[PDB]
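Structure 1 and structure 2, given next as structure tokens, are two forms of the same protein chain, each shown alone.
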Structure 1
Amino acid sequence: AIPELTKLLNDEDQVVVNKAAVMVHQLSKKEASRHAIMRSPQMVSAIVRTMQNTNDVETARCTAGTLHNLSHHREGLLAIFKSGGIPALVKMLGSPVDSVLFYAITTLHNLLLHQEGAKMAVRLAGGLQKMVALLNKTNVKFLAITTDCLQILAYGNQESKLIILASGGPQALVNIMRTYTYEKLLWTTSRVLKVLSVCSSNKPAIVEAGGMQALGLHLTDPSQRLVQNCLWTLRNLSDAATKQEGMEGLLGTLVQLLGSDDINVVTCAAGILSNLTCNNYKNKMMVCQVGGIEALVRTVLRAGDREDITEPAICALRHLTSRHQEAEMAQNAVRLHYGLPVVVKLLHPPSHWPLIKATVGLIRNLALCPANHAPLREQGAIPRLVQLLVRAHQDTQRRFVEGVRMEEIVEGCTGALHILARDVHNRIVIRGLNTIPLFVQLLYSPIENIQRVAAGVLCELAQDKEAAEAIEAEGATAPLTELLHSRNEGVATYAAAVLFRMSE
């Protein structure tokens, strides 16, 4: 009856197409007849023309249901695809009744999963915009199919991620994250957000929509694939969420998550916490109150050579030990939690430059606490900081290694030595390493920040007349008198200080 049935759909009068629709639908639920529907292109075409032109809701539900049943096999799938189907079901994603909406999204989903060239076809028809507009629906199974469709198209396609963003993608995807509990929908939604989080233009939109807090709600779910997709997305956005409020719950969970047995969970937790504590005084406190210093120290002790874990954890320790209230107590807490020996050890190989630069800054802030001077000394921090300073300064004299700025090590090492020189015992070790020639040669550096730490460590060393004479013997008076009129006030203050202690 297939040859005759194409005409009843290519004909006016409702019931004629309606009956035919409520007649081809039945020839679709039976395998013998259905095998003949896909076999005929005139049939397949006629149902597409009827579906996207119909006025009656039963024809729309019966047609879209017929092509949905066609989409379960390869020959029917490409029959939909070849007869210009995808543009029609994309149109049907704007229907006001839920039956055709369900039928269209499942047929498009099957095409996106099993039809070659359907991802390009759906993209061009404006599918991404329609799929995002459907994210406000309430059927979680419908939402699970719709978000998986978006994931199929957004994955590895930059143009797709931009279109999703322009349609309010992040906010609608974040809303799903903080509303529903169906694991498959949460896991699929998290896949979409993970794909979007690697795009710099989607990063602030997900953050501004509250996506950080929304992902934190599911960090304790029993689904391992859901927590890790949540953690990967949080890691990506972390650098663009340093201003968000309401981070108390998320930060609390991340601190607890540092003790996880899973390697990927710990790495992500340290990475998120590092970025989240950077220049956010409020985050620095909250992490300290939930005992983050202890957690990060134990995390570092557990990692050993795993630099993908120690680099972010030490960064977070560096953030939590400076420029906020509890920084003083956080400086003591690293020592009281048996952290000092591991920090100094990480200055030595096989640590690479990213880890070293982060460790130096931590030691710099750790040295602000005078109770850390002796235990840092007995770990060998002074000769190692000088070894790094000499090598870094030797490289800048060639007239960027491992991604780090080589003069940033000169500023960081000399600055840490400046702090340590506050203690008299440390001064002995600094002086005994033949470093005064190096500290005077750094006064001729053009980088104002290097001139400051150099004059600083020279100022502390000059408390002792023997050291002040050696410094004078290296011809420091001339660059110091010039640095008196430096545009940088901190250098002029430091330069005046070294010249003053040269009283004898």
Structure 2
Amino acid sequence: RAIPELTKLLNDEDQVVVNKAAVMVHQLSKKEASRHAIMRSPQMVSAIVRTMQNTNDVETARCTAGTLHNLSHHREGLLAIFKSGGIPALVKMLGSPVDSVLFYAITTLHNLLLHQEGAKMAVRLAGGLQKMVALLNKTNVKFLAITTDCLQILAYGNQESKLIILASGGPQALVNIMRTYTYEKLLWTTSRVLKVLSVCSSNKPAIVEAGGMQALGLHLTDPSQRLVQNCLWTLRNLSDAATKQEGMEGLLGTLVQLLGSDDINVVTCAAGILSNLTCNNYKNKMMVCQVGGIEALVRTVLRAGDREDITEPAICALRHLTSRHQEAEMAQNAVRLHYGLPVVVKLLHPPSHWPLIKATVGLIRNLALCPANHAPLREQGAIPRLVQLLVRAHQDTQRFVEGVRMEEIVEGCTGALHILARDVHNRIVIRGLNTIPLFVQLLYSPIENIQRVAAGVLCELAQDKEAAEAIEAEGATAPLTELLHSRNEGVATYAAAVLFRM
């Protein structure tokens, strides 16, 4: 019965009379008995929402905000707070300089977001993200925990809400949370917000330049698995955009160590990050190589077996580390001394898919650059399998599988053979698989790289008299004559050589 009265009183002009009622009203909502009475009365909820909104008293706000907070623990409560436009008003309390009001506000908003349909869209219209992000400078970690979780529910599956967070300086703020705080629950909710934004094609660099890479890597060995995993997935999504950032040295040592974790998923993520973090970046290549990188990546392939989800990123990483940097030879070389060859060469066999076979053809290409690798690669049965894949690849291009064009395969294999043919023993085998007729036909490719390695393989081979007549007798002379004139010095250099030895 009191409800209809206070409702009246809250709509009074004498503000003194109003705050008086919000106090009482807020004392009635403590007991579920009187609480229901309130939820059940639209004039009571509106009343309150309108008072908290319009009020200018630092306690009428407290009590009004306090009241609808205690109303949001139940289903019928949330609807009443929603149907009376209470969200725009709660977003308005997010600017209060009074913590209580603030606290009561982010909690009620969190509740509506979690259970009230229409809440998410309402908070965005009311400009909730911008305000929420402004509140990331607060020093109360629990407040930050609920605030950050709000951003995660609003941003999830919403690029717009994502672009607004980003445009409000959000990234650099969450990233600073990861540098300063040790409260696991905060770190978690934040990490989850960074995770959702790292898939966005605008947020990534914002997160990378603010130092997100180094700050997600700070908690890689914290005890919390959920924290670790989230930090890893986020680091993986950011990795293709982090290839040129300095200071990755420590995150590199940690990632290596994690390959030896007990969680395949952790190992999988880590092999992913090392794979991307090693692309075209010499500083990173050497760091991986310095802290046990090769042996660890190699051990990862072995441990993984058929799991392409692991072998692939890991094999790509070995590929990156074995080229274009001062110690590429030291790497190429180290993969043998750590017993990698057996499992590498084995990966070209079934049931390996093309994505992996391609990447593995590249590692092999690179590993053959090292003379001490020729005999080993041969004795593991590389030439025969490299030779039949090329054949399957060549025939397709005459007969874009799995995202892998067969011409790239045609080039790599023939590329690896061009290199392996630097040994006399290897040469015998290559000839022995009647390949000369196939490389010759490879002279007629519209692609230069292909002509180069075909010419290239044929130059090595032709230094053997008989094999030289084999090529000549194959019709090589004609096409080579044209290749003689290419602008691609490589193709012309090798063009001119076969003819000479021929």
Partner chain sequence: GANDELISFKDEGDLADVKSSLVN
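Numbering for residues begins at 1 and runs along the sequence of structure 1. Throughout, rigid core stands for the largest set of C-alpha atoms superposing within 1.5 Å between the two forms.
Looking at both copies of this chain, which one is the form solved without its partner chain? Structure 1.
Identify which of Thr242, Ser99, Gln387, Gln151 has its C-alpha displaced by 2 Å or more between the two structures once the rigid core is superposed. The answer here is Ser99.
So, superposing on the core, is the move of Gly76 at the CA at least 2 angstroms between the two structures? Yes, its C-alpha moves 2 Å or more.
For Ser33, decide whether the Cα shift between the two structures is 2 Å or greater, given a superposition on the rigid core. After core superposition, the displacement of the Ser33 C-alpha between the two structures reaches the 2 Å mark, so yes.
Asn10 C-alpha moves between the two structures by 2 Å or more, core aligned: Indeed, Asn10 is displaced by 2 Å or more.
Quick one: CA shift at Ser167 between the two structures, core fit, Å? A shift of 1.1 Å at the C-alpha.
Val334: how large is its C-alpha shift between the two structures, with the rigid core as the superposition reference, in Å? Taking the core as reference, the C-alpha of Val334 is shifted 0.5 Å.
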